[PDB]
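What's in start-v9.cif: mmCIF, C-alpha atoms and all ligand atoms
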data_run
loop_
_atom_site.label_atom_id
_atom_site.label_comp_id
_atom_site.auth_asym_id
_atom_site.auth_seq_id
_atom_site.Cartn_x
_atom_site.Cartn_y
_atom_site.Cartn_z
CA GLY C 20 13.06 6.81 -18.97
CA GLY C 21 11.48 9.27 -21.41
CA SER C 22 8.85 8.44 -23.99
CA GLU C 23 7.77 8.95 -27.58
CA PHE C 24 5.71 12.09 -27.87
CA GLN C 25 2.94 11.88 -30.48
CA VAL C 26 -0.57 13.13 -30.96
CA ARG C 27 -2.32 9.89 -31.78
CA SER C 28 -5.59 9.28 -33.57
CA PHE C 29 -8.01 6.74 -32.05
CA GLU C 30 -7.00 4.00 -34.56
CA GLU C 31 -3.23 4.56 -33.87
CA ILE C 32 -4.02 4.22 -30.16
CA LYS C 33 -6.13 1.10 -30.87
CA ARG C 34 -3.25 -0.48 -32.83
CA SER C 35 -0.90 -0.07 -29.85
CA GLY C 36 -3.49 -1.48 -27.43
CA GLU C 37 -2.44 1.12 -24.86
CA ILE C 38 -3.83 4.58 -23.91
CA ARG C 39 -1.59 7.16 -22.21
CA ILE C 40 -3.45 9.25 -19.64
CA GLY C 41 -2.18 12.43 -18.06
CA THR C 42 -3.18 13.61 -14.60
CA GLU C 43 -1.88 15.74 -11.73
CA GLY C 44 -1.81 13.49 -8.65
CA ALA C 45 -2.10 16.35 -6.10
CA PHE C 46 -5.84 17.04 -6.11
CA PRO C 47 -7.58 14.66 -3.62
CA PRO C 48 -10.10 13.04 -3.83
CA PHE C 49 -10.08 13.38 -7.69
CA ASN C 50 -6.44 12.37 -8.43
CA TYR C 51 -3.72 11.91 -5.83
CA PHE C 52 -1.11 9.54 -4.44
CA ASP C 53 -2.51 7.55 -1.49
CA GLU C 54 -0.90 6.46 1.75
CA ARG C 55 0.84 3.63 -0.04
CA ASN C 56 2.16 5.98 -2.70
CA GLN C 57 -0.02 4.79 -5.52
CA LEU C 58 -2.08 6.94 -7.87
CA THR C 59 -5.83 6.92 -7.21
CA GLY C 60 -8.97 9.08 -7.01
CA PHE C 61 -12.39 9.37 -8.61
CA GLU C 62 -10.76 10.36 -11.96
CA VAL C 63 -8.28 7.51 -11.87
CA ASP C 64 -11.10 4.96 -11.42
CA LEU C 65 -13.02 6.82 -14.18
CA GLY C 66 -9.98 6.94 -16.46
CA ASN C 67 -9.43 3.20 -15.98
CA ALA C 68 -13.10 2.44 -16.71
CA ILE C 69 -12.88 4.54 -19.90
CA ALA C 70 -9.70 2.70 -21.01
CA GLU C 71 -11.40 -0.63 -20.27
CA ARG C 72 -14.58 0.26 -22.09
CA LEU C 73 -12.38 1.06 -25.16
CA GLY C 74 -10.43 -2.25 -24.95
CA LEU C 75 -7.23 -0.47 -23.95
CA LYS C 76 -4.59 -0.83 -21.22
CA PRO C 77 -4.17 2.48 -19.39
CA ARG C 78 -0.71 3.98 -18.84
CA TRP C 79 -0.81 6.84 -16.30
CA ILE C 80 1.57 9.80 -16.16
CA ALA C 81 1.29 12.18 -13.22
CA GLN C 82 2.76 15.66 -13.53
CA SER C 83 2.38 19.23 -12.34
CA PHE C 84 -0.98 20.77 -13.20
CA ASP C 85 0.28 23.89 -15.03
CA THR C 86 2.08 21.63 -17.58
CA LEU C 87 -0.69 19.17 -18.41
CA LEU C 88 -2.35 20.90 -21.35
CA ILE C 89 0.85 21.88 -23.01
CA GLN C 90 2.32 18.40 -22.73
CA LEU C 91 -0.99 17.03 -24.06
CA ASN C 92 -0.54 19.14 -27.21
CA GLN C 93 3.15 18.18 -27.38
CA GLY C 94 1.99 14.48 -27.43
CA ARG C 95 3.09 13.12 -24.03
CA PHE C 96 -0.34 11.63 -23.46
CA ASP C 97 -3.44 10.82 -25.48
CA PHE C 98 -5.86 12.51 -23.02
CA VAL C 99 -5.82 14.32 -19.67
CA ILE C 100 -8.24 13.77 -16.85
CA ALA C 101 -7.26 16.20 -14.14
CA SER C 102 -10.36 18.10 -13.01
CA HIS C 103 -10.18 20.76 -15.74
CA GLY C 104 -13.16 23.07 -15.84
CA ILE C 105 -14.28 23.84 -19.39
CA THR C 106 -13.34 27.43 -20.25
CA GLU C 107 -13.26 29.41 -23.48
CA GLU C 108 -9.61 30.26 -22.90
CA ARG C 109 -8.70 26.58 -22.44
CA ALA C 110 -10.84 25.49 -25.40
CA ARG C 111 -8.57 27.57 -27.67
CA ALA C 112 -5.70 25.22 -26.89
CA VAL C 113 -7.51 21.89 -26.35
CA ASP C 114 -10.71 20.08 -27.12
CA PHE C 115 -12.90 19.06 -24.20
CA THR C 116 -15.06 15.96 -23.93
CA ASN C 117 -18.60 16.11 -22.55
CA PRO C 118 -18.13 16.79 -18.79
CA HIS C 119 -17.49 13.88 -16.35
CA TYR C 120 -18.67 15.93 -13.39
CA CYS C 121 -20.05 19.27 -12.24
CA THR C 122 -18.89 21.34 -9.32
CA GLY C 123 -17.93 24.82 -8.23
CA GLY C 124 -15.19 26.91 -6.67
CA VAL C 125 -15.80 27.88 -3.10
CA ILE C 126 -14.42 30.35 -0.55
CA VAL C 127 -12.83 28.57 2.43
CA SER C 128 -11.58 30.56 5.47
CA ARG C 129 -10.84 29.99 9.14
CA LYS C 130 -13.70 30.39 11.64
CA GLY C 131 -14.95 33.99 11.54
CA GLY C 132 -13.09 34.61 8.27
CA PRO C 133 -14.31 35.90 4.86
CA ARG C 134 -17.34 34.09 3.52
CA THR C 135 -18.33 36.13 0.43
CA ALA C 136 -16.40 37.72 -2.49
CA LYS C 137 -17.33 40.98 -0.78
CA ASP C 138 -15.64 39.82 2.44
CA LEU C 139 -12.37 39.47 0.48
CA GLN C 140 -11.77 43.23 0.77
CA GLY C 141 -8.15 43.85 1.81
CA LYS C 142 -7.73 40.06 2.29
CA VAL C 143 -4.96 37.69 1.18
CA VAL C 144 -6.32 34.86 -0.97
CA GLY C 145 -4.53 31.59 -1.85
CA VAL C 146 -5.10 29.83 -5.19
CA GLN C 147 -3.39 27.16 -7.27
CA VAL C 148 -1.57 28.23 -10.44
CA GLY C 149 -3.36 27.98 -13.77
CA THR C 150 -6.73 27.23 -12.21
CA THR C 151 -10.22 28.62 -12.61
CA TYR C 152 -9.80 29.59 -8.87
CA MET C 153 -6.80 31.73 -9.69
CA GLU C 154 -8.66 33.16 -12.71
CA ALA C 155 -11.71 34.13 -10.56
CA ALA C 156 -9.55 35.57 -7.73
CA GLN C 157 -7.75 37.80 -10.23
CA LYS C 158 -11.15 39.32 -11.18
CA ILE C 159 -12.34 40.14 -7.62
CA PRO C 160 -11.15 43.65 -7.05
CA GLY C 161 -9.84 44.93 -3.76
CA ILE C 162 -8.31 41.64 -2.71
CA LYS C 163 -5.06 42.87 -1.15
CA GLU C 164 -3.06 39.99 -2.66
CA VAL C 165 -3.74 36.89 -4.71
CA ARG C 166 -1.12 34.39 -3.55
CA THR C 167 -0.48 31.67 -6.14
CA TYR C 168 0.68 28.11 -5.26
CA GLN C 169 2.11 25.38 -7.54
CA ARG C 170 0.05 22.79 -5.59
CA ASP C 171 -3.40 23.32 -4.15
CA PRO C 172 -2.78 21.48 -0.83
CA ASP C 173 -0.03 24.07 -0.17
CA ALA C 174 -2.64 26.83 -0.16
CA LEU C 175 -4.62 24.87 2.46
CA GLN C 176 -1.44 24.59 4.50
CA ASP C 177 -1.05 28.40 4.41
CA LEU C 178 -4.70 28.98 5.34
CA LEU C 179 -4.20 26.73 8.44
CA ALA C 180 -0.91 28.43 9.34
CA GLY C 181 -2.60 31.81 8.98
CA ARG C 182 -0.43 33.18 6.14
CA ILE C 183 -3.52 33.83 4.01
CA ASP C 184 -7.11 34.69 4.95
CA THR C 185 -8.86 32.55 2.36
CA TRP C 186 -8.27 29.56 0.05
CA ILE C 187 -10.46 29.29 -3.05
CA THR C 188 -10.72 25.74 -4.35
CA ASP C 189 -13.11 23.01 -5.56
CA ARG C 190 -16.13 22.43 -3.28
CA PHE C 191 -15.58 18.61 -3.09
CA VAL C 192 -11.85 19.02 -2.40
CA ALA C 193 -12.68 21.54 0.38
CA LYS C 194 -15.31 19.27 2.01
CA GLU C 195 -13.05 16.22 1.97
CA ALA C 196 -9.98 18.08 3.28
CA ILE C 197 -12.07 19.32 6.26
CA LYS C 198 -13.42 15.77 6.90
CA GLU C 199 -10.00 14.14 6.50
CA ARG C 200 -8.13 16.57 8.73
CA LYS C 201 -11.05 17.00 11.19
CA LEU C 202 -11.20 20.75 10.57
CA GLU C 203 -14.94 21.17 11.18
CA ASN C 204 -14.36 23.44 14.17
CA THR C 205 -11.44 25.27 12.59
CA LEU C 206 -12.37 25.92 8.93
CA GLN C 207 -15.42 27.55 7.40
CA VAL C 208 -16.79 26.90 3.87
CA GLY C 209 -18.27 30.14 2.48
CA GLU C 210 -19.95 30.97 -0.79
CA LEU C 211 -19.85 29.16 -4.09
CA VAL C 212 -18.00 31.71 -6.26
CA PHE C 213 -18.70 30.07 -9.64
CA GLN C 214 -19.96 26.78 -11.07
CA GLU C 215 -18.14 24.67 -13.64
CA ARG C 216 -18.40 21.64 -15.91
CA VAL C 217 -15.26 19.51 -15.65
CA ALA C 218 -14.00 17.41 -18.56
CA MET C 219 -11.29 15.33 -20.19
CA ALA C 220 -9.00 17.10 -22.68
CA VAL C 221 -7.54 15.89 -25.93
CA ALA C 222 -4.86 17.57 -28.08
CA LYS C 223 -6.45 20.40 -30.15
CA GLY C 224 -7.90 18.85 -33.35
CA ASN C 225 -7.72 15.23 -32.14
CA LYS C 226 -11.35 14.68 -33.11
CA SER C 227 -11.23 10.89 -33.52
CA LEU C 228 -10.08 10.35 -29.93
CA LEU C 229 -12.43 13.10 -28.69
CA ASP C 230 -15.39 11.23 -30.19
CA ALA C 231 -14.33 7.82 -28.85
CA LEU C 232 -13.97 9.21 -25.28
CA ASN C 233 -17.41 10.82 -25.46
CA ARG C 234 -18.93 7.51 -26.54
CA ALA C 235 -17.18 5.56 -23.77
CA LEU C 236 -18.24 8.14 -21.16
CA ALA C 237 -21.84 8.00 -22.46
CA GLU C 238 -21.69 4.21 -22.11
CA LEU C 239 -20.43 4.36 -18.54
CA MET C 240 -23.18 6.79 -17.61
CA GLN C 241 -25.77 4.38 -19.07
CA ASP C 242 -24.48 0.98 -17.91
CA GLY C 243 -24.16 1.93 -14.20
CA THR C 244 -20.36 1.98 -14.07
CA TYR C 245 -20.26 5.78 -13.65
CA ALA C 246 -22.92 5.64 -10.92
CA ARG C 247 -20.92 2.97 -9.05
CA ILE C 248 -17.66 4.93 -9.27
CA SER C 249 -19.32 8.24 -8.20
CA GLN C 250 -20.94 6.37 -5.28
CA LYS C 251 -17.65 4.86 -4.10
CA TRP C 252 -16.04 8.31 -4.02
CA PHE C 253 -18.81 10.67 -2.99
CA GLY C 254 -21.78 8.66 -1.71
CA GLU C 255 -23.80 10.45 -4.42
CA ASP C 256 -23.96 10.91 -8.20
CA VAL C 257 -21.89 13.94 -9.27
CA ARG C 258 -22.71 14.17 -13.02
CA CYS C 259 -23.93 17.38 -14.62
CA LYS C 260 -27.77 17.35 -14.59
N1 LIG C 301 -5.52 21.28 -10.20
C1 LIG C 301 -6.88 21.00 -10.65
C2 LIG C 301 -7.69 22.27 -10.88
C3 LIG C 301 -9.10 22.00 -11.18
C4 LIG C 301 -10.03 23.21 -11.34
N2 LIG C 301 -11.38 22.71 -11.47
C5 LIG C 301 -9.69 23.99 -12.62
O1 LIG C 301 -10.35 23.75 -13.64
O2 LIG C 301 -8.77 24.82 -12.70
#

Please, can you express the file's structure as structure tokens?
Amino acid sequence: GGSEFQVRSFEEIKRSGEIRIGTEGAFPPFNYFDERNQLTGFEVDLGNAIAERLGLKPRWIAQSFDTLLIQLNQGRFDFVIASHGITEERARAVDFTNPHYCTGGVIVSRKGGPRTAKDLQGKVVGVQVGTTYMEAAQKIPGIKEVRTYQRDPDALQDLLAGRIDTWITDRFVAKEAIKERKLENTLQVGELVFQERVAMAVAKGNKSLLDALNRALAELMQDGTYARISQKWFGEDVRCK
């Protein structure tokens, strides 16, 4: 159906009564399509609670991860919530909110497989395109091959099939995939390779919206809504401490 692309200030958004939110929809349990083919996840619930707290009806747009930041700047959405770690490189093209969770990238291998960055010597490592996982894998020398996937669950599929030695991904995504697929006796979570603060993104220079999102997030963290949503998803509070 197409849409009107525009980078919108907070007051322009407020006038419309609607906030357009970009996400990926292939990164469970943060944002994904469930068994009845509807968009959900910790970040969807969070996104909706943000929209609500601002007096705005959310309109969700799922699309491939590698495209999200560039379509944000082109004006397809007002903000993106799609598990983006804050990086200096990314902050050149977008403005990040205060982080809505903290986490890290972790080595995942089959039983008896690589557990440390050092173990990745002559190994084949699977990572999703445009991610901090791919970025870190590119900097670990002596990996035989960094294999890059458009979608992160595809890397998991290749780890299981034995086409790669190691998948590097988010620690919560790794834990949940193992629980979901009952892979406790088949997969092995190794070392935390790096830690990261994960945040919403706004088009570069969209300071009015940036500030409103920060305020709404602060409010959710104070009024118990964040705690409730984190509990539902993780049985614990995942905010940066
Ligand atoms: N597809 C989602 C990737 C999320 C990861 N934390 C990153 O920042 O690259």

Quiz item: Within 8 Å of (-17.3, 16.4, -24.6), all atoms listed in the file: residues as a PyMOL selection string?
Solution: chain C and resi 114-118+218-219+229-230+232-233

Quiz item: In terms of the shortest atom-to-atom distance over only C-alpha atoms and all ligand atoms, which of C:180, C:259, C:125, C:101 is closest to ligand LIG 301 (chain C)?
Solution: C:101

Practice problem: Name the residues, by chain letter and number, that sit within 7 Å of ligand LIG 301 (chain C) using only C-alpha atoms and all ligand atoms, and give them as a list in words. | Solution: residues 43, 46, 84, 101, 102, 103, 104, 105, 147, 149, 150, 151, 152, 171, 189 and 217 of chain C

Self-check item: Residues within 9 Å of residue 153 (chain C), all atoms listed in the file, excluding chain neighbours under 6 positions, as a PyMOL selection string
Solution: chain C and resi 145-147+165-167+187-188

Practice problem: One decimal, Å: what's the distance from CA of residue 236 (chain C) over to CA of residue 54 (chain C), could you say? | Solution: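 Interatomic distance, CA of residue 236 (chain C) to CA of residue 54 (chain C): 28.8 Å.
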
Centre and edges of the region 99-103 of chain C box, axis-aligned, 6 Å extra per side, as AutoDock Vina command-line options:
--center_x -8.1 --center_y 17.3 --center_z -16.3 --size_x 16.5 --size_y 19.0 --size_z 18.7

Practice problem: Have a look at C:160, C:77, C:241, C:203 and name the one nearest to residue 137 (chain C); count only C-alpha atoms. | Solution: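 Of C:160, C:77, C:241, C:203, the one nearest residue 137 (chain C), counting only C-alpha atoms, is C:160.
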
Near-residue 126 (chain C) list (7 Å; all atoms listed in the file; drop same-chain fewer than 3 positions) as a short mmCIF file (atom, residue, chain, number, x, y, z; two decimals) with C-alpha atoms, in the frame of the given file:
data_model
loop_
_atom_site.label_atom_id
_atom_site.label_comp_id
_atom_site.auth_asym_id
_atom_site.auth_seq_id
_atom_site.Cartn_x
_atom_site.Cartn_y
_atom_site.Cartn_z
CA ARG C 134 -17.34 34.09 3.52
CA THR C 185 -8.86 32.55 2.36
CA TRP C 186 -8.27 29.56 0.05
CA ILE C 187 -10.46 29.29 -3.05
CA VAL C 208 -16.79 26.90 3.87
CA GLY C 209 -18.27 30.14 2.48
CA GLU C 210 -19.95 30.97 -0.79
CA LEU C 211 -19.85 29.16 -4.09
CA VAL C 212 -18.00 31.71 -6.26
#

Exercise. List every protein, DNA or RNA residue that has at least one atom no more than 12 Å from (-7.1, 20.6, 2.8) in the file's coordinates, counting only C-alpha atoms, and write the result as number ranges by chain.
Key: C: 45-48, 127-129, 170-180, 186-203, 205-208

Repair of region 63-77 of chain C at the level of N, CA, C and O atoms, as a compact mmCIF listing (two decimals), in the frame of the given file:
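Dumped everything to rebuild_37.txt:
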# COMPACT_ATOMS: atom_id res chain seq x y z
N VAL C 63 -9.08 8.67 -11.56
CA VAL C 63 -8.28 7.51 -11.87
C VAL C 63 -9.21 6.32 -12.15
O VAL C 63 -9.15 5.73 -13.22
N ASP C 64 -10.07 5.98 -11.19
CA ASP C 64 -11.10 4.96 -11.42
C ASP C 64 -11.89 5.23 -12.74
O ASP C 64 -12.10 4.32 -13.55
N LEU C 65 -12.29 6.47 -12.96
CA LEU C 65 -13.02 6.82 -14.18
C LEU C 65 -12.14 6.59 -15.41
O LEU C 65 -12.53 5.90 -16.35
N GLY C 66 -10.93 7.16 -15.39
CA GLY C 66 -9.98 6.94 -16.46
C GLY C 66 -9.79 5.47 -16.81
O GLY C 66 -9.75 5.11 -17.99
N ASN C 67 -9.66 4.63 -15.78
CA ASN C 67 -9.43 3.20 -15.98
C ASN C 67 -10.66 2.54 -16.60
O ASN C 67 -10.52 1.63 -17.39
N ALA C 68 -11.85 2.98 -16.21
CA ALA C 68 -13.10 2.44 -16.71
C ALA C 68 -13.32 2.86 -18.17
O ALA C 68 -13.79 2.05 -18.97
N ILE C 69 -12.99 4.11 -18.50
CA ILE C 69 -12.88 4.54 -19.90
C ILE C 69 -11.92 3.69 -20.76
O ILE C 69 -12.33 3.17 -21.82
N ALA C 70 -10.68 3.54 -20.31
CA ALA C 70 -9.70 2.70 -21.01
C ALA C 70 -10.28 1.31 -21.26
O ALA C 70 -10.28 0.81 -22.40
N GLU C 71 -10.78 0.70 -20.20
CA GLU C 71 -11.40 -0.63 -20.27
C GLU C 71 -12.53 -0.69 -21.29
O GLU C 71 -12.59 -1.59 -22.14
N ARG C 72 -13.43 0.28 -21.22
CA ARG C 72 -14.58 0.26 -22.09
C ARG C 72 -14.13 0.34 -23.57
O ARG C 72 -14.83 -0.15 -24.45
N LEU C 73 -12.95 0.90 -23.80
CA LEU C 73 -12.38 1.06 -25.16
C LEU C 73 -11.50 -0.13 -25.57
O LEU C 73 -11.01 -0.17 -26.70
N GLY C 74 -11.29 -1.09 -24.66
CA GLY C 74 -10.43 -2.25 -24.95
C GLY C 74 -8.95 -1.90 -24.87
O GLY C 74 -8.14 -2.43 -25.64
N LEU C 75 -8.58 -1.02 -23.95
CA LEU C 75 -7.23 -0.47 -23.95
C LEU C 75 -6.62 -0.51 -22.55
O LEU C 75 -7.31 -0.23 -21.60
N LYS C 76 -5.33 -0.81 -22.48
CA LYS C 76 -4.59 -0.83 -21.22
C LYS C 76 -4.17 0.60 -20.89
O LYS C 76 -3.54 1.24 -21.72
N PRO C 77 -4.54 1.10 -19.71
CA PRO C 77 -4.17 2.48 -19.39
C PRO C 77 -2.70 2.58 -18.94
O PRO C 77 -2.21 1.70 -18.22
